[PDB]
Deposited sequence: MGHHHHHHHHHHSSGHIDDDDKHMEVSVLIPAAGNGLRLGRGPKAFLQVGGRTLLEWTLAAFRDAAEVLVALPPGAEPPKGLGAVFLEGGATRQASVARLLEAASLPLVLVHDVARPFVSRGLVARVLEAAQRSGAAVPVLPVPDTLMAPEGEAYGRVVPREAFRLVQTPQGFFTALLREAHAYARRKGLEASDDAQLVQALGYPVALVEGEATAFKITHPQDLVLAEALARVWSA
């Protein structure tokens, strides 16, 4: 009913972090349950859970390496790549990313920067920059599978490592379109992120 989803979850393992009666992995698998194919990377030695609708492989040392591994196994001409630390991604966000990726070949959800944006002078406080000029980049990021393969191939040759797939595609000279992200699709990174995640999980 949709198409090809890559989950580079090889960062115990982050994929098995419990958030309100579902692991992170279980949360993303629910968000993409309409996808034709879900491929998940797990750290070597970590045992894939039984009976979920997904194919598992061993991830590399970096998210990027895990994506490349997953990508080789992708069977469909369109891919969504998603951070497992973003459990609360809505069906609306997915469809919006996918829809734009189908047309444009590369599409990323973004949010405006909500707060004054400041660079500490060690101290700090420090130097403020116009938050209106900047965005917070989220996932899923959507691509033609063939394009993301080209991006990863060129990155391998150049030794380019970047924090997301959009940056690899950009290095090809390929335009990456932006769509509206969502406040609920926040990344669980720090201890207070986890606590806030338990609140949204109940509803």
| request: Enumerate the deposited-sequence segments absent from the coordinates, judged by C-alpha atoms, in order of position. | output: 1 to 23, 35 to 41, 234 to 236
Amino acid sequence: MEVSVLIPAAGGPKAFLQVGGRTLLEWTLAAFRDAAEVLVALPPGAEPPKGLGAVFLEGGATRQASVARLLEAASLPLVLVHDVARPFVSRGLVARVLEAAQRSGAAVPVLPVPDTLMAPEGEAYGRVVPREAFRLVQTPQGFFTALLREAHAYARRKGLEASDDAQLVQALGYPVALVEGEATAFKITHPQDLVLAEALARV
From here on, numbers count along this sequence of modelled residues.
| field | Of 122 to 130 and 101 to 109, the one with larger mean CA B-factor | value | 122 to 130
| request: Report the stretch with the higher mean CA temperature factor, choosing between 148 to 156 and 52 to 60 on the basis of the entry. | output: 52 to 60
| query | Against its chain's modelled residues, does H82's Cα B factor rank lowest, middle or highest third? | reply | lowest
| remark: Binned into thirds over the chain's modelled residues, the C-alpha B-factor of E37 lands in the middle
| field | Assigned third (lowest, middle, highest) for the C-alpha B factor of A199 | value | highest
| remark: Binned into thirds over the chain's modelled residues, the C-alpha B-factor of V5 lands in the middle
